[PDB]
Each structure stands twice: as structure tokens, then as C-alpha cells.
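Protein sequence lines correspond, in order, to chains A and A'. A prime marks a further copy of an entry chain.
Start counting the first sequence at 22; every next residue gets the next number (the entry's author numbering).
Start counting the second sequence at 22; every next residue gets the next number (the entry's author numbering).
Number of protein chains: 2
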Amino acid sequence: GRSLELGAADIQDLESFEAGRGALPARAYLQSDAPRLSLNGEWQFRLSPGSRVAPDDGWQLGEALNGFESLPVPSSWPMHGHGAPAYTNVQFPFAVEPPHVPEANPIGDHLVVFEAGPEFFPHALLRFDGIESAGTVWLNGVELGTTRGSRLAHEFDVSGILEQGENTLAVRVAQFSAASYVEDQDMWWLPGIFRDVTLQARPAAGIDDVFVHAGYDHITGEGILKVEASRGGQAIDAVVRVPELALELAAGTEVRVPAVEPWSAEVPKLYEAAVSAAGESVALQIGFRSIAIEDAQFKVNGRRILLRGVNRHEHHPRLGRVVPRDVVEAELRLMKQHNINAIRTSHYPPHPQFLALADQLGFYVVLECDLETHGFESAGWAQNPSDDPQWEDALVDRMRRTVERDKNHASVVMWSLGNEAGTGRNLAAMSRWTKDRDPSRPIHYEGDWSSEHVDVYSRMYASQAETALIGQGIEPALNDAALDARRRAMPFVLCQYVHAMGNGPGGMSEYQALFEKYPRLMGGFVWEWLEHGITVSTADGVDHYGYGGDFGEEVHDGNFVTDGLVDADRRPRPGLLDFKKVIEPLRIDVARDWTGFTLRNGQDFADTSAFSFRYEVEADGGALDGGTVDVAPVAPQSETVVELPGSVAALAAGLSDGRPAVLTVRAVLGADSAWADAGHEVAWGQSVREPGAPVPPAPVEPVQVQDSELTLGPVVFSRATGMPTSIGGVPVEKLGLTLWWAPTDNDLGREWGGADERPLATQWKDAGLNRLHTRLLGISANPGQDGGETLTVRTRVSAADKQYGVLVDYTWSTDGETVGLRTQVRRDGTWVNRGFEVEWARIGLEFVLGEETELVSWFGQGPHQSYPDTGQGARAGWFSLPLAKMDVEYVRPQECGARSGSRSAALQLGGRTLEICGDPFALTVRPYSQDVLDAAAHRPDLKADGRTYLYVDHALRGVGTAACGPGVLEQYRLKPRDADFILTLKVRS
Amino acid sequence: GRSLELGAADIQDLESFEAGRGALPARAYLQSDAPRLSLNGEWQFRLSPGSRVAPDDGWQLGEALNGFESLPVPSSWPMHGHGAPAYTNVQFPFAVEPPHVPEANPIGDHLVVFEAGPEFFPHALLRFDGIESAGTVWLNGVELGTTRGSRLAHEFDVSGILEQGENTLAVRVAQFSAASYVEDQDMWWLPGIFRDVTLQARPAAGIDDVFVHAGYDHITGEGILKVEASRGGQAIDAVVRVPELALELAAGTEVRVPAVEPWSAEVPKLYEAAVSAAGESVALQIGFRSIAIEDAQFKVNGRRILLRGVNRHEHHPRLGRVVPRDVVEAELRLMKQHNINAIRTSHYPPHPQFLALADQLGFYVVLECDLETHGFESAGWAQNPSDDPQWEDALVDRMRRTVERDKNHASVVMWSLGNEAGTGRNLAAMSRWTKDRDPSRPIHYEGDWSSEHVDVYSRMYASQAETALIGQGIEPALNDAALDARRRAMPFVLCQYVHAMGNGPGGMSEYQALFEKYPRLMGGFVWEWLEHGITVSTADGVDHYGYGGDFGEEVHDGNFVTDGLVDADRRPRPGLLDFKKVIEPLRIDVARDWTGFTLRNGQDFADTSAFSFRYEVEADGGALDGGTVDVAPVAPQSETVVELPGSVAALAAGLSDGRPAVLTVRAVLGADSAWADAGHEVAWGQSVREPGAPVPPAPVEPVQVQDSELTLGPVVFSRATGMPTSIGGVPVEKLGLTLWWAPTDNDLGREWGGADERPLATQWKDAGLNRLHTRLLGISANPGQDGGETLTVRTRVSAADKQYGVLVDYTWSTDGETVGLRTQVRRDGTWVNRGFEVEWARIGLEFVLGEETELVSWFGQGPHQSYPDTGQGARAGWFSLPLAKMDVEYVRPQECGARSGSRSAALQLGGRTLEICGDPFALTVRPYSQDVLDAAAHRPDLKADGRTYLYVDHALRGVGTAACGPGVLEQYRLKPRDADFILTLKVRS
Ligand code: NA
Ligand code: NA
Ligand code: NA
Ligand code: NA
Ligand code: NA
Ligand code: NA
């Protein structure tokens, strides 16, 4: 019979296993003096729902365009109202049947008219730095070719096709193609021509490609320099000039520069250079550095380095995969400002302009090829393109374009084959190709744990325990003795760790101590730098971030795309403030007697001469003493004890007992740097003189009794419930025990440890911890002092359908001014439910007050939140914030905002002030309840109800990283137990 | 110190382990000529939230009532806006810490003024037939006592307290008490004075209690009669008269009536009798029957009986636990009309008036004590009141009041100790007490499988397989040899089986065949008779039923209270129509040659003389022949072959081949009965002459091709998709394969069989069956006949992120009038997901039509729905219903309304008619999509969208009873497989 379906030819091309056709050889991205014209700007665009209905109406000519409208290019076109973004993590959004594509496949036709002056003849090309996922390119109706590899560059010769004057460039882009099966990164699906489009003249006697080789001999101090230059794939005559080093040499010859200052992330020394032929000159920035593996350590310039890293996706909350240059520069500065020294380009090459900025600002870069096949894992990796010989040419092409583009940049210290792509013959082919092309950079790939085709051993989210075993070289052996010996000689990197989703990440300090202890450990890269929030404006014009499912997706992964150290607009999350402290490159340990501090220089290359060392003593009234102390430069990996002026110690000795005072020593930048202004804080340490325990008020005030109320000084109690209804005139609507919090993203994750396959959030719901009930057992007034009395209220807390509970006793006392509150908690019954021991989130009290709080002040840790396994960046001091600024604007609202280690607190309720003191407690204050917080999926769902929710916790659980990787470490868990704690309360005007 | 809490005395009483205080001895409910006054009517009512704030303001006197309002009594007070109903199944709504009660405990103060004439002096009492859960009673300010046992009667002597003329009765009712721990039935929590309140004069020389003993000697035909009569607990002189039997005897003497007609559910013969003393006469209805266990069979009057039973809760959708008498009478008639002969009073004694109606209409009754402690199971039965000696007196009191009230009623054939109360010493004490008081009725209790203290072996939801083993006496042995021998000599009853929640129950026929095969099997009681829906009126005034969670409950069990054979207003569900057929008491097997039918009388006592046997032959045009055939009475458990008139067989022989005709033989009531009018259908059987296969149209019409459309006779196809866009001018918006349906309540239940602990609904979601995607592979026109052509469209169906699929090929053909459609389905890949084989709900097609359907007609099974393991009550015939009447109004919308076994169908779309024919298919038609159906939680969420959703299924899965008990039996499951089926389509005006 006769074939009748439509669009079969277009679909066959989209199903191609091969790389793009018609492109020039892959090469470096080079700054050249050749004439160039950027075609970025306002293009014309038409969208069709699939190949079979994509018109074949000659639109490529620009004449009588039917159905086109203006669209910026570069762009991710769903960010501009054409379709919508869609988020999946691992799962494909289409049926898995490679190489076939779904019928619903957005086809975007792009068209731009431009003018080519005489400087673009006789030879020129068109460059495309990124098209997701399949491009077909026509110029003046003539097909140039196709693009595969969404984040890779393609160039097409236009000689004999480009015309003098007006030209018409047409590009048909398909969202889905066979290449989608190898681009399954955990991120938004966003088609478009999302990077630069450039016309570049190719003058005769020019330079097509350049390969910089700039090594460093750390013994002699020599630089080893060879700059290759080619045209049409052939080495050519060219002259290399490096003026700062008094150098003129031929391209292609290796020389020995007697002395060079070596490049590192800490000291990113770059030498300006130019390589030029008769027709073209290329400008280079040369950093001399050598990379080697020896004694199972990753070494640069002869030294083991510590990677303080993040995984960087490219995302912008309004432009999608288009990241404006100013945002790139700003976020790299922000990384440096938080002590980061390393970046993994998860999981594809970045915009080409990123490389020079990393060279300049100083980051160790893991440059990763555009390859991920994670969605094949759930079928046992059946049909995985990574092990399918039909995909070999396509995957080698991806690696070749990755390597060729960025090979000249000192910041790149490892090539990565891809991410979560299983094991297979094509990964081996990619590795062999890279090792042969560029032996100067070790190869990284986590997906094959046997590490057969790599030079470093990489894992993601390995526990602190397994990392310690690896650090000692005693992890279990591979079955193959030869492969085991190879891997045991490799250094070890965590390419992803301490998953930073929501409240968290907990457990960072335990990893860092191992990094410092064991040379084989290279460090780690946090997952991830940024949340992929997409800005949404609601009915009222109130902006907030959207995540998976908020754009009508049929299958999605929710807020797992919002898992970053900064939000999509680069505002730090608390996790980044903690991370900065965890990875600080200097350690400052202040002596308890305030005579001095131990200073350890944790850097690998630089001394301490860039830093100014400042001290300040702060007390309740303010600063009492402070200044700068001169420190002879301390070498990398060396230590010294720095004396503080005698006045500081003398001040500590004269302090009256119980008066709190904090000595803080900081290392700040002595001068402006390329990434921060002078005075920027890099490291700090403290010694605290703690306030004395608040003496409980003498119980000299008696209990006065009325039919329905009891009064004890400034406290009024309901006689029916035994609970206070007001304290100093502040209405108390509720007081009770808490054991639960609104689950974090981590609490919604499964702990793949133990026989319990429920997330902690589910364990808590099953146990009833979110719906506690209180029974009153009795109320008694007991003799106090000089006619005074204490009031003891006995209660039992439990939950419907449960037999376990806790006996909670409140003992109240007052001298008329201060109120004393002792709370005693005693376990009743066995706290087991559905066969497993119940764990608590906290041991604390919730005060619900009938008035709003405008201001929260405290002495403790701050300014930001802290939980048992977080809060490293929260330092001791006196803090005060408006109520709203106590919250944390996580995209999915969740437990957050607790200030652990508080010794005193003050809430301003309009005109009066409520003061809380006692042994250390955690402090949280909110204008809405925990049930409202738990129910809210986006921040607009949070609405104040005119009350104050005050949380005073005697104990808290950690937050961990159970959303992906380890849960809460054993020492931070909270099993049911007896407890007792004392508070004082005071209300003033 | 000094005690200061409030209300401690009230709470201490509520925590009492003891029975109520102050009541007269428990006795029978008796029809007496003693003067009586019902105090039912409009009372005054005040509600307090708990004991500690319940006023002690002297309200018991009726003077200056502060805060009282009118309330009907009897009532469940949350049904009248005081609080709200709350539904839990097993879980308690309060902390489990017996005997303690929560602080939130509705306290209802009831008050009524009444007048007592001289006939109520000097002696009278007040009777309360039910108070949930704790009552305290005052008369004229004087405390009478308290009530415990919510569904049990209490009487208080008011001699010397009742006054001539005006009196004031005050009752304080607490919702929760220690007794709540032993009243954990799966039902709504509903406090109130919910049964009659009566003043009764007690004249001197009267009769307090009566115990009827009326046995039957099945050998001699004698009745064995002894009527005991007592006053103040002492046997008294009284005369018993039974006029119909020519009897006058003294109370307390056993006599032998020479001949009596025995009582059974089938023939509920009752003799009017009176026992009288000088001061009082009591009217009785005496049914002579004897109960015995012999040869491991439960026998009445010397015959093993088959229980065709339901579990009857007391519920009314607007009045709660108050069931108006007219509703009781109507629903018992409805039970008889659906062949039911047995009732279990789950799980408490019914209203006292129920007993006489069961005597009269004829049901075997399992009368169950008010005891259930199910909520202790989840803590390993720790603290279970059933094994706590401190609860012995309270639990024996419950059993004593249960037995004493109803002991005179022939319909009661077993006493049940309670339900789901574990095992324990107090259950044994209850059994010992009952066996001693009334040896004439065997004891039932399912909670102790060892059956130590019972006379029958009872289970709930035992599988058909285990029931077959029990029926053969080869179930596994108990560890105790003595207890094993006892239990193996017991008959076996399913006190609850074939859970009737939502679409279902499936698997009824397999149980019934075992009941018929094995004498040891007594039968079973369906769970349950009625859905406990509560009527709710929404914003627009649209009524619907609410279930758990719809009334603000903190903990609840959702729609598990809507699990009945009839809805709360007693409208039959399809399950009741199927059940009636399953348990029909006669079997009618029509010969294939239409010469006669085999008639088996499945009754235990009655012959067939109450029935008229009618036949009718029906064809497309209408009835062709019919009449009545005289049948000599067939004895119980006997069989005969009844000849039909020769004209019927002659008609079958003359039928042209392929013409459909149905011979139906019915057994209807020959005369009015007490429960249905003459002509009521009891049993039926059929023989069908099936229509010949529709010959496919000759493919003489060719495919005409256009740029974007293909036309083949009356079918227009999209050339882009290959699917029809119209058939005979009827718009087709979508056509595709189906494998999924909107989960039933059963599909949301876990199959505790196999290693997969996901409900089927979850298995389907995980597998993507609800989100199928279709890829087009090709379209071809092939040579047909005489220039005609067929059109074959090749597709593959799968789901996002899955590698398995099905190849689906559509072959279209037409002669211009009729359209032929062949569908071929071929498995592609292994249909396994998350480690388990995927199961399908169906193999079918969904047509989405762009116009509404007003009427659906078909030849097949009807009128109601049928699935592979249901539809017994759906008979063969021609049916036609408005679209809305094809649906089933389940409270939670779910898959329903399929008509299996359809051979032809006709949809009326405005003016035109769409006809479907072919080999048997299942037919479903809806005005909304499956996704709308699945998302809808209540019926108002269903909204028509102006389309027609037509489902034609080649195969369906069964529905089972997985919500509670067995899932779908193996033979009704649907594993992925290849399939092929043919349809013809025709559109007319
Ligand atoms: Na991934
Ligand atoms: Na993520
Ligand atoms: Na939330
Ligand atoms: Na139960
Ligand atoms: Na139920
Ligand atoms: Na539904």
C-alpha cells in the first residue's frame, strides 16, 4: 500500500543517532581580531506543536511570513510564553524508546535578516554556541547543516552562500530529538536558541585553532610553554608574544621560561599573550600550572589542594538557560565572597564566556561534557546509549567539542565525561579520545565506580563514614584485582555532597574534618549552587518562585529543582552562610583567657599577607576594646600563636561574674581584591564569657483563687485548664508541649538506612506528633517563701489512638516582677508505633499570644538560623530583627528560623516587651501556626492571623540531608526521653 | 498543697469501671397493659464542652433555665447542629489511657416537664432504652442513678419521687466515658438520648419479667412450652393462654402441645398468647423452634439451614442513631424482597421494636452485645478491657442486659458476645453467664479463633480458599488438641464477608457455591446492609452524602463508613441487586432446546407452593410467547424437571439463524405476602439464542486523500494523527487505547497477598497507566474489493519514562453505510515496573465525541452494571436508559457503570444514532472524563463538559473486595497480553 503519514522526513532526521551534519571541525573559543557581527537581538519566531504539522511554506526566505512574531535571541522560548517550562529529575517526560520522539514536540522556527559588509568576504562562518536540542540551519534558503549537543558550539562555513548586503538566516529548532535521551539532566526542559549567534570573517593566512600548554616546574620555578596554532587542521607559522615575560617565540616550539609566577585558584596569575599570523591575531590569558596525581593525591604545582566546591547549573528565573553576563560575574564574585574555590559545570559545558572569568577570579574547574542518560537506570540500564555502539560517534563528538572549546584555560583542571550515564563502551571511547588529545588534565566520571576509564575516584553523597574509610584507603576491594590496585592509587572526590535542599544542609562539619585529616580526600562540591526557581506573578501581582508541577506538567518532580545554596536571584540561603564558615581557609582559635589566638593557614599556596587581623570585645552596652594586630605572614599549612594586646586579657579579668562579653577575632581583606572590597570577612573565631544563670525569683507572692481563675503575680490562669491566659496583660491563648515541626524537605526524604521505609515526616504523622492532646491531672498550690506559694499544674500529653504519652508538670513562681517556670517531662509507656521507635523533632513549649510581635531580639547565635547540625556561620552576639526577617523564604515553606543556643530573648508586642531567660534554649517566632506552615506549598499561602507563635525549645533534632544522601547523624537525633528545664519570664512597658 | 482543679467529681464518675448505679434488675422488653406515658417530644437542651465547665447551677429543677434551647428527644444531638458527627473505624478519637476521658468532652444537659396522673401511683418507673454514652438521671432534683451501655435499657424506680401532677426530669449526658473504650464500633460517634424515654406504672400483683421457652420436636410435631413469669425476681402465679392452640396453663410448668406449626425465617408462624396476673397482663408472640448443633452443622427444627445474611447497623442520614419505625419496617421488607433471611445486629442490640418485626417477617437473628475494643489491637491488646478483671462486672452487665431484653423472641437464634474485642477472661465470664441463663441459643464470638467459649466457629473475610478447607473439615489444627477437637465439631459462619464498599462486591458466587456444597458451612452475613452517609446541603442547595473527614474531624477514616448494599436512604446499590440473585432460594436452569427447565428448591423448610412459575420469550420486536406453568410443589432440597409448553420449543426451532431471542423463566409470589405484593420476583433463569456475528462490510469504498485529511466513506481522519475526526458527521475529538480505570474503593485497598505492598491504584499510577501516550508509526491504504481500500493506522502506546508499550493497529473498512474496525494489540517489552508485573484494568477503546448523548440502548446484560466477578443480577435482554441513569451514585465517584456482555449498542446524539456491534464487549458512556471521575471526591465534583466518553472494552478486570478481604480472584485478573477484536459502527438519522 501507499505511505500516507506526514512529516516522516523531519522525524527521521530527529531520530538520527549521528552528530550534526555540515559543521566545520570543532575548535577552541578564541578572542580574535577577525571582523565579527553578533546576530543576537529581535528575531521572528513561529511555534508548531510537532513535525507533522510544522509548515513547509518556504518561510526560510523571509518573504510573506505567515504566523511569525518577535522573539529575543538568545532565548529559552518557554520563558516567553511559548508553551511552558517543565521539570523532571530522573524520569523522562516522553516514552523511553530510543531513538524515537513523541508526537507532541514543539517545533520553533526562527528567522533573522542581517547585513554583511565587504569585510566578511570571501570567507566567513556562522557560529551557534547553543541550541536545545536539534537545530537545522538555512542561509538564504540554502541548508547549512544541523546541530546536536545542546550546550556545545557549532560553526558552518557560509562562503559562497553569504551575500553582499542583505542575508536571511533561518533555524528550525525541535525541542525533543534522539539527543534528548542523552541530555536527561535534573533541570528544566527548555528548548531554544539560548546562546550567541555570531557571523565571523575568516581572513586568509589566519588562525583557526590554538592549543596553549603552560606547565609549571615547582622545583625550579620555570614555566614550560608551547602554544600550538593551526589553520584547516594543519600546524602553521605563527609568532607568540608574552610581553610581561620578555618572550617572543614561534608557535609549536616548547620553551622554558626561567621564572614564572604560577596560577592557582588562590593566586590566579595570568600573563597576557598574543599569537598572530599575517591575517589574524588571537589574544590569550596564560596561567602556568601543572596537574599531577601522586601518592593517591590530586596535586597542582606540586601541592595537594583542597577543593571547596559547588555544582553550578546555568539558570535564570526569568530567562531560563540564558544567564546575562552581569549575573555570571556577580555570582562568581559571590562564590569567592563565600570562600568557594572550585566549580563543577553540572552537567554540560557552560557559556563560553565563563572560562575567562574562572581564570581571572580563580576557581578550580571540573569541565563536564553534555551527557546524561539517568532515565535508563529504572529499566536496569537496558538500551542505555552509553553502551550502544550505534551512539559511539555521537558521544565522541560531544566529548571532542567539549574538550576543544575550553582546552586553553588554566582554570580547567579535570575533564568530566558526563553525569549519571551508567557504564558502557562509549564512555570508554570518550575517555580514550580525551587522554590522547589532552594528557595534561585528569579525567573524571562518577557513573562507573570501578573507575576503569578515569584518573580520580569520584562518588556522590557517600556517607561521612564511608568517606572516612576511603580517606584511610581501606574501603572494600573491587572484584578485579587490577582495577582495585588502580583505584586505590587514585585520590577521591565528592562530585556532589551535602544536598542543600530546604532547611539544611546538616552534617557539613563532619565531612570537612575528614577533608582536613586525610590527604587522599580532594574535597567536595555541594549540590548545588542555585535553586532553579522560576518567577511567577499571581492574581494580585505578588511574585514568588514556581517549581515542578506549577506549569501544568503531567509528570514532574516538584520542588527538587529548588535545592540550592542561593535562590534563583542569587540571594544567599542560610546554608551558604554556614558553608562559607565551614570551608573558611584560615582557622582562628581564641584562647579562653583572651591572651591570644592560634592561627592556622589552611590555604595551599598563599600566605596570610592578604589579610588584616582585627579583634573586638563586645558587651551588652557595646564595644569595649578593639583594634588590629600585626601578624608576620604565616606559610600555607603552617600555624602560629598570635598575642592579643594585654588590655584585652585585662578586660576579661576585670569582668564582674555573670556579665556576658564576646571577644571576636576576624581575618578580613587588607585591600580591595578582584572579588570583594577591603574589609571583607574571610575567617573568624570567638571566645565567649557566658552570662550567669538567671536566679529564679523568690516565691514570695501567693496564689489568689477565684471561681474560674487563679492569679499569681502578673500571671492569670484558667482554673479549668491550669494554663496561663495572660502574663503581665499579654493575652496567652495557648501554652503546651511541642514534639513536632513542619517537615523540612529532608524530612520528606526516605532514610535508606534501617528497616523503616517511611520518611520521618510520615513516621511523625503515623505517630500523631502533629496532633498532640493534653489531659489535665491536677492543680496544686504549695508553700513557697514568706507566705508566698508556687503553683504546679500536672498534665499528660499524648495523641488520639496512642497509648504512649509524656507527663508534663509546670511549676510557677513569682516575686511579682519576674516569673519562674520549671517544666518537667517524663516518658509514659513505650514510644513505639507501627513497629518502630518514635523519634521527636524537639522538646519544647509553644506560647500562642493574642497580639502581634514587631521585633525579636536575643543574645545567642546569629543573625541567621541554627539547628544542632547547622549554624556554623551563626556567631555569638546580640541580635535584633523585625519579625518578618526572622523567617526564611524557602520556596516550599517548612520548619526554619530557629535560633539555637539562645541565652536570653525579648519580644516587642506593641508597647510592651516579653523577656525570656534561662539555660540555653532555641528561639522561634512566627505570625502563623505550624499547621499553616505545614499546609503551605508556596509562600503566598502563609497568612498572619494576628497572633504570635513563640517556640522555646529545650532540645532540637538536626536537619541532616535526607532529601538526597545521609539523614541526621546519630549524635543529632532525638529519641524520646525525660527532660527538665527552667525559664524566667518578664513583661515590661 | 490544696487541690484546685475543677469538676473532679464528675470526671471520677465518668472514669468508673462499673456498670450504672441505681437501676432496677435487667428484664425483658414486654408489651404490658400497665399504664405508660412516653416522654418523647420536645425537650430543653444545653451543651457544654467538658465536665470542668458544665454548670452546677441547679438546672435540674427547671427554674430559670439559663442557656437551654429546644431539642427533640430521642435524638443524636450532633445531627441537630450541636457539634458535628465524627467517623473513625478502628482508631479511637481520644488518647488511649483507660479509664481516662479527654478534656474536650461534650456534656449535654436534657430537661423535660411532664404530668403524672393517678394511674402512676403508688409505684412507677422511668425507662431509658439508650443513652450514648454516660447518663446521670434526676427526677424533681433527686438523683435516680446512671446508665452505662449505650445501646442497652435502664429502668429506675421513681416511687416516692414522682409526684402527682407536674414533674421535672433532668438527664446529664457525657459523650465520652470509660465506657467509650468498650464501644469502639466502626461507625459515627454520636452522643445523645437516642431511644425512647417512658414512664410506666407498676401496679401491684403485676408481672416484671417473662421467659418464653417454645421448642419444637421435629419427629413428633409437638411443641414444648414453658412460660416463666416473675415479680421482683421471684416466680409468681400466672395464667398463660394461647387461644389458637386451645391452651390454658400455669406459668412455670412445661407442657407438650400435641401439634404446632414450627417457626422459621421461611415460615414465621407466630401464636398469640397472654400471661396475666391479677394486676397486669403481658402480650406475647410465640414461635415454636429448637436450635441444635449436630454433626458439625447448625440446625433449626432438625434441619441444617443456610444463612443468607446482612450486618445491620442502625443509622439514618439525618437523624443519626435514631431510625424511625417506618424506616425499620421498610428496610426489613426490602431485605426480604432481596431474598435475605438473616440479620446480625452489628455490633450492639437494636431498638427493642426490631425484635417483633424480625419475628413477624422472618429472619434468623444474631443478637450481639454492645462490646468492641478494637482500638486496643494496635498496641498488642495491652490494657484491653476484655482481659482486665477490673472490667468484669461492667462487661457481664452488658451481656446480662442484652440477653434479658430480647430472650423471648423466636427470631434470635444466637447470642453474640460482641465484636473485635480480642480475647480475655471477661469474654469467658460473659459466655459462662449466658450459657447458664439461656442454654437454648448457641453462643457466637469471632474475636477468639480458638473458639474456647463459643458454640460455632466464626470468622470474618476468610478467603474462598480457606472457606473451602473449613467446609471440608481440613483446616489446620489448633495447638491445643482438646480445643481443636471442639472446634472441628463446630459449624462455621462468616459473620462478615464480601465487603460491599463502592463498586462491588466481587467474588460472591464462589462463596455461595461452597455454602451449597458443604453442610458444615452455615453461610455468611455481608458487610454491610447500609452506607452510613450523612446528608449535606452545599452552597447551591444540592444534597449529597458526607463521610469521614467532611465534618472537621482531626482523625477519621474517610468513606469507609459508606460500604453498604443500600445507601443511607435505602436505595439499592448494584451489589444488592447481584446479592439477591446470588442467594436466590430456587435454582432455575432453562434447557438449551427450550423444552423445559430444571427447578431446584433450595429452601430448608418451605415447598414451592408459594410461587407462580412464568415464562416469556422476547425478541427484538417484543414478546412472542409467554404464560404460566403449573408445578406440583417441590419439597425443600429436592429437584424436578418442569416441561414448558411445546409452542416455546417450536418457536426456538423456527427462529431464523442469527436472530436473537431470550427465554426467561421466573418464580414470582403467587399471592401477597407480609413483605411483598403478588408478582414479586424471587428467582429466575434464562436461555439465550445469540445473534449471529455482524458480517463486516465489504471494503468497496476507497480512501480519498487530501493534504490534511483522509476520507473513507463516512469516516474523516486527521492525516497528521491517523485518528478519525468524524464518523457520519459525529465529531470525534479523540480515539485511543485504554488500559486503566478510575480506581474503585477496592483498588485503593492493599492486597495482603504477595510481596507487593501497594494498592492496585498505586501500582497503576507508578506504571503510568493513567497517562498513556501514543506515537504514530505509519498510515497505509491497502487494496480491498472492487477498487475499494482498507486503511491501516499503526501506533505504539506507552507512558513517559517507561520502556514497555503495546503496538496497536487499526484497520478501517466500509461499504459506505457500515464501518468495520479491527483492532490488534501486541505487547512490546516486559511489562514490569518497580520490580513487579504490571496488571491492566482493561483492554479497550475510548471514543471522545464532540456532542452529548441523551440515551443509551443495548442488547446484552442489564439493566444495571456488570464486571467479570459481578453482574449476577444482570440478565440478558434489551435495555435503554437516559445517560444519567447509566451512572452509579457512589458517594466517592469511581469506576462504575460498565455493561459487560454487550452484543450491540446504540447511542442517541441529538438527532442521530451511533450503533456499535461485534463480538461481546463492555459498554460505558459518561458525560465527563476518567480524570474528572478519578479526581472527584463527592458527586458535585462531577461536571459535564459537553462531550460523550464512550468506552468499548474487549476485556475487563474484576473488582474483587480488596477494600477489606480478598482481592480479585485469579480467574478475573488481567495480565498484559496480545489481543484482537472487531467492531462495526453505523451512524443514522
Ligand atoms: Na540525574
Ligand atoms: Na535537583
Ligand atoms: Na509546607
Ligand atoms: Na472494628
Ligand atoms: Na465501615
Ligand atoms: Na474519584
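C-beta atoms are modelled at their ideal positions from N, C-alpha and C, and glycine is treated no differently.
- In the DSSP annotation of this structure, the continuous segment of the beta strand (DSSP E) that includes residue 435 (chain A) starts and ends at 433–437.
- Here residue 467 (chain A) carries a coil assignment [DSSP, helix/strand/coil].
- Contacts with chain A (Cβ-Cβ distance below 9 Å) from the stretch 798–810 of chain A' involve 798, 799, 800, 801, 802, 803, 804 and 810, listed in chain order.
- Among the CB atoms of chain A', one or more fall inside 8 Å of the CB of residue 824 (chain A).
- Interface with chain A' (8 Å Cβ-Cβ cutoff): residue 821 (chain A) is included.
- Contact check between the stretch 391–404 of chain A' and the stretch 340–358 of chain A': fewer than three CB pairs, one atom from each, fall below 8 Å, which does not count as touching.
- Where residue 193 (chain A) is concerned, the enclosing beta strand (DSSP E) starts and stops at 186–195.
- Under the criterion of beta carbons closer than 8 Å, residue 681 (chain A') and residue 640 (chain A') qualify as touching, at roughly 7 Å.
- Using a Cβ-Cβ distance cut-off of 8 Å, the stretch 155–174 of chain A and the stretch 37–53 of chain A are in contact, since at least three pairs of beta carbons, one from each stretch, lie closer than that value.
- Interface residue (Cβ-Cβ distance to chain A' less than 8 Å): residue 950 (chain A) is not classified as such.
- For residue 288 (chain A'), the closest of A':383, A':563 and A':307 by C-alpha to C-alpha distance is A':383.
- Flagged as an interface residue toward chain A': residue 794 (chain A), by a C-beta distance shorter than 8 Å.
- Rounded to whole angstroms, the Cβ separation of residue 911 (chain A) and residue 569 (chain A) is 15 Å, and the two are not in contact under 8 Å.
- Interface annotation, residue 396 (chain A): in contact with chain A', CB-CB separation under 8 Å.
- Chain order gives the chain A residues near residue 114 (chain A') as 821, where near means a beta carbon separation below 7 Å.
- Taking the Cα of residue 323 (chain A') as reference, the smallest distance to any Cα among A':292, A':267, A':236 and A':264 is reached at A':236.
- For ligand 4, residues qualifying as neighbours are A':110, A':111, A':205, A':206, A':207, A':393, A':395, A':440 and A':441, where qualification means a beta carbon closer than 7 Å to at least one of its heavy atoms (chain order).
- Linking residue 601 (chain A') to residue 653 (chain A') through their CA atoms gives a straight-line distance of about 25 Å.
- The Cβ neighbour count for residue 501 (chain A'), taken over all protein chains shown within 10 Å, is under 16; the residue is labelled exposed.
- Here the alpha carbons of residue 984 (chain A') and residue 245 (chain A') stand approximately 47 Å from one another.
- With a threshold of 8 Å between beta carbons, residue 404 (chain A) makes contact with chain A'.
- Within the same chain, and ignoring the five residues on either side of residue 801 (chain A) in sequence, the residues whose Cβ sits closer than 7 Å to its Cβ are 813.
- Every residue whose beta carbon comes nearer than 7 Å to a heavy atom of ligand 6 appears here in chain order: A':763, A':913, A':914, A':915, A':954, A':955, A':956, A':957 and A':958.
- The Cβ neighbour count for residue 952 (chain A), taken over all protein chains shown within 10 Å, is under 16; the residue is labelled exposed.
- In this structure, the CA atom of residue 475 (chain A') is about 55 Å from the CA atom of residue 758 (chain A').
- If you check each beta-carbon in the stretch 94–125 of chain A' against every beta-carbon of chain A, the ones closer than 9 Å belong to 109, 111, 112, 113, 114, 115, 116, 117, 118, 121, 122, 123, 124 and 125.
- Residue 974 (chain A') has its CB no nearer than 7 Å to any heavy atom of ligand 2.
- One thing to note: residue 261 (chain A) has its Cβ no nearer than 8 Å to the Cβ of residue 49 (chain A).
- DSSP places residue 247 (chain A) in the uninterrupted beta strand (DSSP E) bounded by 244–252.
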